[PDB]
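The structure under discussion appears below in the form of structure tokens.
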Ligand SMILES: Nc1ncnc2c1ncn2[C@@H]1O[C@H](COP(=O)(O)OP(=O)(O)OP(=O)(O)O)[C@@H](O)[C@H]1O
Ligand SMILES: Nc1ncnc2c1ncn2[C@@H]1O[C@H](COP(=O)(O)OP(=O)(O)O)[C@@H](O)[C@H]1O
Ligand SMILES: Nc1ncnc2c1ncn2[C@@H]1O[C@H](COP(=O)(O)OP(=O)(O)O)[C@@H](O)[C@H]1O
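Chains as they are written, first to last, in the entry's author numbering: chain V, 176 to 350; chain C, 153 to 254; chain U, 1 to 250; chain L, 173 to 428; chain A, 305 to 405; chain Z, 2 to 248.
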């Protein structure tokens, strides 16, 4: 809409700063290249439980004028046991041709599963579902018409096999 | 070192090469050795080298290949070893062992 | 995993080793850097002052402290286990030796009377030891100048040029790259501050540093001019400005 | 793309690049190649990234993994790992390995009065076994990373296992400090009144990771100032950012 | 460790000096070995307290020639090898000063 | 990982046990007690006059507020304010008030706050050597107007650390205050503060623990001390009514 309402309470510098973290790479990002730097392919939003952040990220991408979509990481592994990662790539292609757009996805600590806890060939779903995530987000080129958000409570429980170094580069706690 | 060798080929090869002798000498064949000393002396060398000049086959188990994380997956695995020896008899086994630590 | 031969002191482990001492010597290595090296005609004793807040007057408390006029000290590690130590160290000069020999003691017999004040607290449970260390340094007139270390175990390794604390081996690596046999004090003094410019962060001025010397008598500190033989102290703490020029000579 | 770090680079080109594309060198002389190395020295120092470049020239495969993963609670769920990777690091040969931490699971111990820590030996003794026992020769696998080297087992340092210690700066290497700034700066566009020589000596301790935490905080606020180009004054507010004394979280309550 | 399972056992000790000399000739059979060598001496200049540290030595010697691009060596290229495996084992982990008599 | 091997493997209930990190933890757990009141004092210097301020809360109405106070006149020329529970403040207050005395019986003059912070802190060390006594869960401030040093503030914690600040605060809310006078001093570069009168220096220190504290204060929610040569005492309530009229 580019003029949407977001006036719930609790937090101001966050909504103030994500506006800095995320607005400029989307609206006129032809400058991040010639200046020299590479912008952040991704984001992570961690904190304690029971805080109402699902609506937050839903909101601030709505005032800015970005096409927002959101899917938990449950049904993709609850409804779809071993036919999951097909949904991932479709969730981006659909997202691509509707560029620009934002992602949001909670319960992200479910992709781990075993996290190769034993390397047996029975958890291929719990393994590959991380793979197709990473290969796809690397495919963006980080131009400025698609960005990504993730969240959970236990970032110490996270899977830094990826999503630590340069993918979910900016980590942001919350009060 | 070569004296060390002479005990190996006394126990290993003689009961295999021609053991009619012991029936004359009136004693029991032997059935194993063990070799100790610090690292960096060339003991795991030798068992690589004994293979070249056997005429009988060879089996090797570094420790920690036995363990398989279930209750009896290990003790089924040792037994799956020896039967694979007898049919392929004769045979030699070589082992770094710390499963028998403690 | 734990060890069950470390929560107490009077227990030996199969390697014939004791529990808590090994960790006290780690309580100091986590502490700040302090040192003292030696020369032909004097001894130097140095450290810094990592002032916590800006509002703490870093002058109302001295890392260095006088034990006798000819003997001074410095720690590295914990603090309160220093000013509780010295207050019962300098006494022992005035109690065990002085009053029955007239004069202040040598430098090593002082150490023996420290290190058992250090070892009284590592022989019975109900006592943590002194999580500190020390570098006693002084002079006397049959064995000469000296330097000495004192660990919490009660052992006193002697030394020539040494440091302790976190920034130790970086410094000890550096001393013999610069140390000699025939060195003189005012040559051995700018060494012992350019040793400390590496093991530091931020400001490096007289108000973030303090050190000492040993030398020939400083009778102007004495107070009672009129005796021919009572040559006064042999220990003087260098003021700020007396340091704060040498750096600009460097 | 890396900064400077000249001779450290020179030594792994000897240990790693040559044995993969050049072998008659080591043959005719009358010797065998050295096996892997380790890279000791404080963190945020370009250890891991160097090793990545090494792959990028030599084109060989690459396996990155961390030492806190070999440890596992189910008995034998660790040494299955250390043996599993080699089963494939041969397969996709020529191949090498990097381990961003091994001091964790590697440290001398006088004995084990415990069940858990005994398995840590069963981990290691298989690792030490795979290289030294019979195997292939194109793997140069082990590149042990750490933060110190005064802790490992000398039985790991038995020549044949590891024979090329390697060291990196910690601080006060002003030369290696200034040398990277131009490199990162060589990537970015700056105005001529944008001198960095004010920055180096002003410090007394930092590393090579922070500088990127500075540059990507230096050339981040220009755009906040909606300029196509950067200036100097943006910088000075950064060096305080990636500086010391963020907060005395538990600095005083520790010992005293 | 009973008989009936292991009927004898072996001690592999580390070698003498005249012992080690043959350990080098086998590792050096493929090196070039310039003339004026007395490798009965190099053993004595440094007892390889192992019997495999030498295997790094005879390797390490040639590594100098690689750096220089020379193919062969002499006695000198050994006499420094001892400086690494032996001294740098004493200058490796003897770096404490705190100890108890 | 920080206290995980602490809370499990002992190291948190005996005083005299080190951890392999070197840290002993019991005394490092004492400080959580200092903030069990949600209270926040202050102290500053003068030309010759010193001041210390404290809140004095508004609990249930049944109290007799004349006696609720964390300001203890120790001797003359000396005073102190605590940060922690009341009972573990008395035993420090009283072990002192019978310590300045014997000095004056044994050395011929009154102790300064130098020694009085070095003595009482030379004790809280000891009680972290032996198991005589749990270390008193406080952190206490001293004040004085000495003859040889002028004004002087000092401070003491359950380990034994003591330094004579130039100005300071304490409690749950140090960062907010401490900045609202750290920045003040770098303006003027005066360890002390101007405004000769012990009156006019109060109103300086009040207003800084209003703007940076977080609310507005009456006369009853406070209690305030002061040190001047020959004396130490407490105060009345009008000093703020003669502030906001001027503003
Ligand atoms: N006499 C020798 N001849 C040739 N090589 C030797 C000799 N002695 C030692 N070595 C060298 O020592 C190494 C083998 O060491 P050794 O086999 O004794 O350790 P290990 O037995 O593998 O230890 P563990 O079995 O406990 O893992 C080889 O690299 C080998 O070149
Ligand atoms: N800052 C807030 N403002 C309004 N409601 C909130 C806030 N924080 C939490 N909530 C309440 O909590 C619920 C949302 O929390 P939830 O989205 O489950 O948090 P999380 O996504 O971290 O699990 C809603 O019912 C909402 O009313
Ligand atoms: N000399 C250098 N040149 C370029 N980048 C450097 C340099 N030193 C450090 N870095 C930066 O440090 C980061 C990697 O640090 P790393 O080597 O992973 O630390 P560690 O070795 O402790 O894992 C990279 O982002 C890289 O840009």
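Note that CB positions come from ideal geometry on N, CA and C, so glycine has one too.
Close Cβ partners of residue i (< 7 Å) along its chain, the five nearest in sequence each way excluded
i: residue 380/L; result: 175, 216, 217, 218, 352
i: residue 74/U; result: 34, 36, 45, 47, 63, 64, 135
i: residue 254/U; result: Because chain U is modelled from 1 through 250, residue 254/U falls outside the range shown and cannot be assessed.
i: residue 226/L; result: 184, 188, 189
i: residue 289/V; result: 298, 301
First through last residue of the alpha helix (DSSP H) which encompasses residue i
i: residue 229/L; result: 219 to 230
i: residue 162/C; result: 155 to 163
i: residue 405/L; result: 405 to 411
Proximal residues of chain L, C-beta to C-beta of residue i below 7 Å
i: residue 3/U; result: 285
i: residue 199/V; result: 395
Residue i, enclosing beta strand (DSSP E) - first and last residue
i: residue 223/Z; result: 223 to 229
i: residue 114/U; result: Not the beta strand (DSSP E): residue 114/U falls in the alpha helix (DSSP H), residues 108 to 115.
i: residue 347/V; result: 345 to 347
Neighbour list for residue i in chain A, Cβ cutoff strictly below 8 Å
i: residue 218/C; result: Within chain A, no residue comes near residue 218/C; the closest Cβ sits about 17 Å away, beyond 8 Å.
Spatial neighbours of residue i in its chain, beta-carbon cut-off 6 Å, leaving aside the 5 residues before and after
i: residue 245/C; result: 211
i: residue 237/C; result: 243
i: residue 114/U; result: 89, 150
i: residue 122/Z; result: 157, 161, 163
Proximal chain Z residues relative to residue i, where beta-carbon distance stays under 9 Å
i: residue 426/L; result: 22, 23, 24, 29
Partners in chain A for residue i, counting only beta-carbon separations shorter than 9 Å
i: residue 155/U; result: 402, 403, 404, 405
i: residue 187/C; result: 313, 314, 315, 316
Contacts that residue i makes with chain U (C-beta to C-beta distance below 8 Å)
i: residue 132/Z; result: 126
i: residue 399/A; result: 169
Residue i CB to nearest heavy atom of ligand 5 below 7 Å
i: residue 356/A; result: Judged by which ligands are present, ligand 5 is missing from the structure shown, whose ligands are ligand 1, ligand 2 and ligand 3.
Contacts of residue i in chain C (Cβ-Cβ under 7 Å)
i: residue 242/L; result: Neighbours of residue 242/L on chain C: none; closest Cβ ~12 Å, over 7 Å.
i: residue 258/L; result: Correct list: empty, because the minimum Cβ distance to chain C is about 12 Å.
Within chain L, partners of residue i - CB distance below 8 Å
i: residue 293/V; result: 246, 249, 252
i: residue 195/V; result: 396
Within chain C, partners of residue i - CB distance below 9 Å
i: residue 301/L; result: 196, 214, 215, 216, 248
Neighbourhood of residue i by C-beta, 8 Å cutoff - its chain only, sequence neighbours within 5 removed
i: residue 230/V; result: 183
Contacts of residue i in chain A (Cβ-Cβ under 7 Å)
i: residue 230/U; result: Those within 7 Å of residue 230/U in chain A number zero; the least Cβ separation is about 38 Å.
### Message
I want to know whether the region 15 to 31 of chain U touches the region 141 to 159 of chain Z - three or more CB-CB distances under 8 Å.
### Response
no
### Task
Please determine if the region 300 to 315 of chain V and the region 259 to 275 of chain V are in contact, where contact requires at least 3 C-beta pairs separated by less than 8 Å.
yes
#### Entry: Proximal residues, the region 372 to 402 of chain L versus chain V, C-beta separation under 8 Å
Under the 8 Å Cβ criterion, the region 372 to 402 of chain L contributes 387, 388, 391, 392, 394, 395, 396, 400, 401, 402.
### Task
Please list the residues of the region 156 to 169 of chain Z that have a C-beta atom closer than 8 Å to any C-beta atom in chain U, keeping them in chain order.
160, 161, 162, 163, 164, 165, 166, 167, 168, 169
#### Entry: Stretch-stretch touch, CB-based, cutoff 8 Å, three pairs: the region 40 to 60 of chain Z with the region 139 to 151 of chain Z
yes
### Message
Assess contact between the region 360 to 379 of chain L and the region 400 to 412 of chain L, defined as three or more Cβ pairs (one per stretch) separated by less than 8 Å. Is contact present?
### Response
yes
### Query
Would you say the region 204 to 211 of chain V touches the region 330 to 342 of chain V, given that touching needs at least three Cβ pairs under 8 Å?
Counting C-beta pairs closer than 8 Å gives fewer than three between the region 204 to 211 of chain V and the region 330 to 342 of chain V, which falls short of the contact rule.
### Query
Using a beta-carbon distance cut-off of less than 9 Å, what residues from the region 178 to 200 of chain Z approach chain L?
none
### Task
Mind the definition here: the region 136 to 148 of chain U touches the region 167 to 180 of chain U only if three or more C-beta pairs lie below 8 Å; say whether that holds.
No: fewer than three Cβ pairs fall under 8 Å.
### Message
Can you pull out the residues from the region 26 to 54 of chain U whose beta carbon lies closer than 8 Å to at least one beta carbon of chain L?
### Response
27, 30, 31, 52
### Task
Pull out every residue of the region 173 to 184 of chain C whose Cβ sits closer than 8 Å to any Cβ of chain A, in chain order.
182, 183, 184
### Query
At a Cβ cut of 9 Å, what residues of the region 54 to 80 of chain U count as close to chain L, listed as they run along the chain?
77, 78, 79, 80
### Task
Please name the residues in the region 331 to 347 of chain L whose beta-carbon is closer than 8 Å to at least one beta-carbon of chain A, in chain order.
Answer in chain order: 331, 332, 335.
### Message
So if I threshold CB-CB distances at 8 Å, which residues from the region 206 to 220 of chain V count as touching chain L?
### Response
206, 207, 209, 210, 211, 212
### Query
Is the region 262 to 281 of chain L touching the region 304 to 314 of chain L, taking contact as three or more C-beta pairs under 8 Å?
Yes, the region 262 to 281 of chain L touches the region 304 to 314 of chain L.
### Query
Would the region 9 to 22 of chain Z and the region 104 to 119 of chain Z be scored as touching if the rule is three or more Cβ pairs under 8 Å?
no
#### Entry: At least 3 beta-carbon pairs within less than 8 Å: the region 177 to 192 of chain V vs the region 307 to 327 of chain V
Too few Cβ pairs lie closer than 8 Å, so no.
### Query
On the three-pair Cβ rule with 8 Å, is the region 271 to 282 of chain V touching the region 243 to 254 of chain V?
yes
#### Entry: Interface residues of the region 349 to 375 of chain L facing chain U [CB-CB below 7 Å]
Of all residues in the region 349 to 375 of chain L, none comes within less than 7 Å of chain U when Cβ atoms are compared.
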